[PDB]
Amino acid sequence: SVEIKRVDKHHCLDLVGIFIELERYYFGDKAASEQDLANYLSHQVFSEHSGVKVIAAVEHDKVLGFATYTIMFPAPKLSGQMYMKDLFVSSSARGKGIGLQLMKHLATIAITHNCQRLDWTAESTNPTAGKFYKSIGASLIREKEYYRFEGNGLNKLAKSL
């Protein structure tokens, strides 16, 4: 019924529809145009310097949701740590458990590529997500502290080189 597959570079534009939806959801009026996103997809998301791969859930030739993930090193027990950057399910596919299916699929990739961990973050201002994550058996790692340089802070650091 609903298939999950990895999207390769030759089909990256198949993701445009769903990224537009993601853009509108997260940024509203500041959402990027379709040509912007096509360019972003072809030369950034699917560039040589991109650390992520992309999987997508497809039903009747339409994308219902996607996740991006990377495998990082080093990690405990001589293995990889998988990290999911984004999980997104179309409002039009809601109620079908798409997100769970995407995460089960990610879990499958993790074990076949010697990862013992699948990690990701959520926002505390989106308590729904955490409830969902907790409901599917995920553990919240309270000891983890998340740091960031950005905008001008990031620039000042770079310039101090």
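A residue's number is simply how far along the shown sequence it sits, counting from 1.
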| query | finding |
| --- | --- |
| 85-93 or 72-80, whichever carries the higher mean Cα B-factor | 85-93 |
| Residue stretch of maximal mean CA temperature factor, 53-61 vs 23-31 | 23-31 |
| Criterion, highest CA B-factor; candidates, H43, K104, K134, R117 | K134 |
| Among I98, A67, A110, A129 - the residue whose C-alpha B-factor is largest in the record | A129 |
| Entry-reported Cα temperature factor of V2, expressed as the chain third it lands in | highest |
| Assigned third (lowest, middle, highest) for the C-alpha B factor of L154 | middle |
| CA B-factor ranking of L15, expressed as a third of its chain | lowest |
| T125 CA temperature factor, ranked by third within the chain | highest |
